[PDB]
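Enquirer: need a 3D model of the sequence below.
(chains A, B, C, D, E, F, G, H and I)
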Amino acid sequence: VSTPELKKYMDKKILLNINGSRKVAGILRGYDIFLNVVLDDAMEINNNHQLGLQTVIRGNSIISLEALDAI
Amino acid sequence: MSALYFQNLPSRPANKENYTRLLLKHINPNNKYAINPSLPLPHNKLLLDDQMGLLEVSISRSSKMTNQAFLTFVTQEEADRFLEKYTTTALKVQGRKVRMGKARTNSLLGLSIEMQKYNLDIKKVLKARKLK
Amino acid sequence: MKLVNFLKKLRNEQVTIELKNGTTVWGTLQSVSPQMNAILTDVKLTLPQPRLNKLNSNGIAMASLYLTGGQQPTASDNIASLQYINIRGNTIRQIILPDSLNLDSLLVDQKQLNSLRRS
Amino acid sequence: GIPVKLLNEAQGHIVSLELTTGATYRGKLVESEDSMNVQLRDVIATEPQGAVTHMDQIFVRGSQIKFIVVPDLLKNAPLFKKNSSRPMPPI
Amino acid sequence: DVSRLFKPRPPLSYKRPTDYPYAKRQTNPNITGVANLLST
Amino acid sequence: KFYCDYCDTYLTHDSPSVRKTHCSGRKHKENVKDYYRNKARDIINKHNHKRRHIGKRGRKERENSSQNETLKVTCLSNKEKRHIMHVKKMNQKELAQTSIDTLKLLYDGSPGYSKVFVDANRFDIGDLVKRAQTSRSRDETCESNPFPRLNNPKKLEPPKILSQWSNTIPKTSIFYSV
Amino acid sequence: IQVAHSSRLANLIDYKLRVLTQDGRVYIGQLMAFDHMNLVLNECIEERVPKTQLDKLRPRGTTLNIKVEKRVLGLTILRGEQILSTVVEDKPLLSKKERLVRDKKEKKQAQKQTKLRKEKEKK
Amino acid sequence: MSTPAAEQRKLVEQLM
RNA sequence: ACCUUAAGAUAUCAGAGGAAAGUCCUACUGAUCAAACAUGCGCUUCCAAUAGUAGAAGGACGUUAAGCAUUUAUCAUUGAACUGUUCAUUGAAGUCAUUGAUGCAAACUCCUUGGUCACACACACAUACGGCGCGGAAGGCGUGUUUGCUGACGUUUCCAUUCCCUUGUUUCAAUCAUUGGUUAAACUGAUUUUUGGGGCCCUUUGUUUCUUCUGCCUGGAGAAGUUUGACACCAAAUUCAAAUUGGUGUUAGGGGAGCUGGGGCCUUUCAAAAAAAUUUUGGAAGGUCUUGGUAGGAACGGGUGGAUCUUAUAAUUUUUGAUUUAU
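Expert: Residues are numbered from 1 along each chain as shown, chains lettered A, B, ... in the order given. You can find the structure just below:
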């Protein structure tokens, strides 16, 4: 329908809180109309253990997607 | 059993039960009956409406006596001590000072208590027809 | 076949709607929106006590019941008498219909019968 | 819908919105979409237990928003009036 | 006078939450089985 | 089909930037400014007062107020009250728009001036300023203007006083300043 | 207050509602628009029962007195997903006759202004 | 074109 | 420079007719429903002292107030003494608060709101209480008429088509005029001009707030105007003002005459049933009382707006369940 306005967050480090407790930081690579996001070089902030080279996050469990860069 | 006579009471309350509850609240702060709403008042047809001897009220919607209302008590001595409660400081319900005087004739309920304490009953109901 | 259409056929009858919180609304039922957005009028909300000493109750349900604004201060149990509570559709869990109505005359889906006759 | 159009009219002004997790956010509203996704700028966040921090931007999914508080002056918006006149749209 | 009129309200005060946390929110788990009812 | 309610122009159905283009132009940027100026102007101009319930005064209340005196009422003509209302509204607007910035002029030569008062190189709201004035750069050092008093600055502006009370001022100053 | 039996959410415009949420928080403000049933409230103040005083509502002085923390927040749009049920509390400031009067007033003014706008924009 | 599921179909079907 | 569209429908069943089986339609006909508008109920609840200095409802994001009672203020590493305790060092985070938070309670101050209406200062009532003054607010129920969601826009070779007083008010008297009733000489009532008196109101605060202009407290006044118009105000830039273009509003309250929609009651006349005598039902006309309206309305129309309804749609962004805190 309407693609979310994330064309300015491309290839910039962001930190988004999975569900209500987890917080994942990575480099955004793409997104879908459901607000699914694929972010590379993830790191589960808590010491903090990396996730993998390429992860996808279902847009249902995303709450906020604040960006840790110039934007 | 002697009924008291009250003047300068508000005529706004409309409903008889609501008026009785409001007047009872102003008579007895923190009363067991006035503070808790949705309580059916004890209708003593021939049980205290309020403690310290308050038995029943008797109001009328007739345009002749609008502000006037009557309080009927359980015992005369209770009624006399109610006057000492007034002690000539103007009791106030809502915002208007009320004047208080003993009624010229006790109420029908007080008459019934006096009669039990049945010809007087039949005479009273027969008197109702002639004056109507 | 949509049972919302059957539910729309009551329209003036006493129901007992039990929400998902646990609170059960009793009152005359007015029109029902096609999303099951019930509108009851002379309602008497209540909260079932679980009858078990150590299991206390729902708490958010008590908060909502009191904040409705109709709870009797002297009431021993949690009941709140008020008029016209509008209930969102998704909150209803089950609706206890009255016992007296007939189901055979109300359950006949007129639209489905019309479609079957047309076909 | 009227509320979505009101949130659209509320662009460029400081709004405060509380999520379903308990957090609170307030700041300039950069962009909003028809599905209640909002982008706040210079937001001052209050995590549920009371701590307050600051971030440059944020993009919160609309499915989590509880309510959004816009400036009070928007009560006089032209799209809140019921009887309206239309310019007779062309062919 | 550009934005002198859209002055927002003061920041909302903080109140301690009275609900369950987003991590602890769930429906009823340990829903017991249906087989036991069939016997008795 | 969605049209702007300020421009009143009927816009062919859009949802993307087409609505971010219309709302970011000039016929929808200042024409939405004139609208809310008028609506806020009204709530400033409103003079309707609360409903008046007049109770019948009693004799005890009337006799004392009748005893004292009658009070004259000051009244103006139509043109005079027009002029006075215009002056009062203008004065209210002028005072409301007034902002005091004495502290900004006082610290004009502070060692860390360009990082705080310039308001474009600040660290909180500088992210917004960072197609469209001799701006003060952040790279200024205190070696520039080692001695501020070398005729560079000017005296502090004298305090303002109310003009309607301008005859209240003392006639002569204590000392003779040239 | 008494409200008409046949009164949907469209009739309760500028009534001062009592909107309840899933998390035990109520909102008390004037309804001015709706839609998914997500309202717009004018001056709604949010109330809640603190966890320290929740225990007084449980079944057992005679009359309960609950101190409810309330926050002031204005012209807020809710989301229909969280709304649980709505109750009515107070009537609008204006009577029904005055409401009809102002509606007729604004309709007359709008018709005249539209006629003048057409007359200007054509010639 | 209704819910985004149809649009995602008209992407996944081509992807496969 | 980006954009050019989800599709359908507009009360419902039953009966008669028209274009074997549907199919559509009927300024067709019944019954139900819904909406609007009139109109009623011995319907139900609510509408503040002035015979007084009050009170009711709701607030305070108000004070006393550091009130009275409890309770809180990190984690890891290393060294030292010590029978867990104390002192120092490195690293890690860290909402502000401790005059806080939480529990309890009271006094005080102040804001908004209301018929602060009229007649009364009264001996009532068991069938318990004339609910038998005028309004207003909110619902409940009933009847009548119209409609079948609703509104702008165009066309008509459609219909429509009004005046008057007034802007403190009320009351008494002097006087003038008019009109009726009885004996135009007398008396009596209704309307009006001028002057004076009494009461109340002026916060009407931009001194009546419908607009402009003149104007006012020893006063309540004068002139002009009233919707394709006028008036007030806002914003700009030309480098003061004026100019224009773009906007937001205001154009009111009361009374009367006509004209007209509705109810109640009465009269007459007509029709049917139980008849030219009686009653009930329907209609026409007239009288009386009341209540509402008074500048738009009908018909046709479409690449017209908006509501409601159905289907996509029970598949991550709202309604076909992860907030009864659980094992």
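
Enquirer: buried stuff in stretch F:35-55?
Expert: By 16 or more other Cβ atoms under 10 Å in any protein chain shown, the buried positions in stretch F:35-55 come out as F:36, F:40. Placement of C-beta: from N, CA and C, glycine included.

Enquirer: close to RNA strand I, is that stretch?
Expert: Yes. If you take Cβ under 7 Å from any atom of the strand as the test, stretch F:35-55 does meet RNA strand I, through F:35, F:37-39, F:41-42, F:45, F:47-55.

Enquirer: just the strands in chain D please.
Expert: For chain D, strands defined by DSSP state E occupy the ranges D:14-19, D:24-32, D:38-46, D:52-60, D:65-69.

Enquirer: check chain H too.
Expert: Applying DSSP E to chain H gives no strands.

Enquirer: could you export the strands of chain D as TSV, including distance to residue B:34?
Expert: TSV is the format used below for the strands of chain D (distance: least, Cβ to Cβ, whole Å):
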stretch	distance to residue B:34
strand D:14-19	43
strand D:24-32	44
strand D:38-46	46
strand D:52-60	49
strand D:65-69	41
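
Enquirer: closest to chain A out of the ones you listed?
Expert: strand D:52-60 (4.2 Å; Cβ to the nearest Cβ).

Enquirer: list the contacts of the closest one.
Expert: A:4, A:6, A:9, A:63-67, A:71, D:17, D:19, D:25, D:30, D:37-47, F:127 (Cβ atoms under 8 Å, 6 or more residues apart in numbering or on different chains).

Enquirer: try 6 Å this time
Expert: Contact with strand D:52-60 is made by A:64, A:65, A:66, A:67, A:71, D:39, D:40, D:41, D:43, D:44, D:45, D:46, as judged by Cβ atoms under 6 Å, 6 or more residues apart in numbering or on different chains.

Enquirer: flag every buried residue along that strand.
Expert: Buried, per 16+ other Cβ under 10 Å, within strand D:52-60: D:55, D:56, D:57, D:58, D:59, D:60.

Enquirer: okay, the angle between that strand and strand D:24-32?
Expert: Orientation check (axes from the mean of the first three to the mean of the last three Cα atoms, to 10 degrees): strand D:52-60 against strand D:24-32 gives 30 degrees.

Enquirer: just the CA atoms of strand D:52-60, as PDB, please.
Expert: Taking C-alpha atoms only, strand D:52-60 is exported to PDB below (Å, rounded to 0.1, in the frame of the first residue of the first chain):
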ATOM      1  CA  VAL D  52      14.800  10.100  30.800                       C
ATOM      2  CA  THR D  53      17.200  10.300  27.800                       C
ATOM      3  CA  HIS D  54      17.500  12.000  24.500                       C
ATOM      4  CA  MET D  55      17.800  11.000  20.900                       C
ATOM      5  CA  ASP D  56      18.000  12.800  17.500                       C
ATOM      6  CA  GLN D  57      15.200  10.900  15.800                       C
ATOM      7  CA  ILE D  58      12.800   8.000  16.300                       C
ATOM      8  CA  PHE D  59      10.400   6.000  14.100                       C
ATOM      9  CA  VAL D  60       7.800   4.200  16.200                       C
END
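
Enquirer: would you mind getting the angle between it and strand D:38-46?
Expert: For strand D:52-60 against strand D:38-46, the angle by the same axes, to 10 degrees is 160 degrees.

Enquirer: please see if strand D:52-60 touches RNA strand I.
Expert: Yes. Counting by Cβ under 7 Å from any atom of the strand, contacts between strand D:52-60 and RNA strand I involve residue D:52.

Enquirer: roughly how far is that strand from the heart of the chain?
Expert: Taking Cα atoms, centre = their mean, to the nearest Å, the mean C-alpha location of strand D:52-60 is offset from the chain mean by 15 Å.

Enquirer: over to stretch F:167-178?
Expert: Distance of stretch F:167-178 from its chain centroid, counting by Cα atoms, centre = their mean, is 32 Å.

Enquirer: got the end-to-end distance for it?
Expert: 23 Å (Cα to Cα, to the nearest Å).
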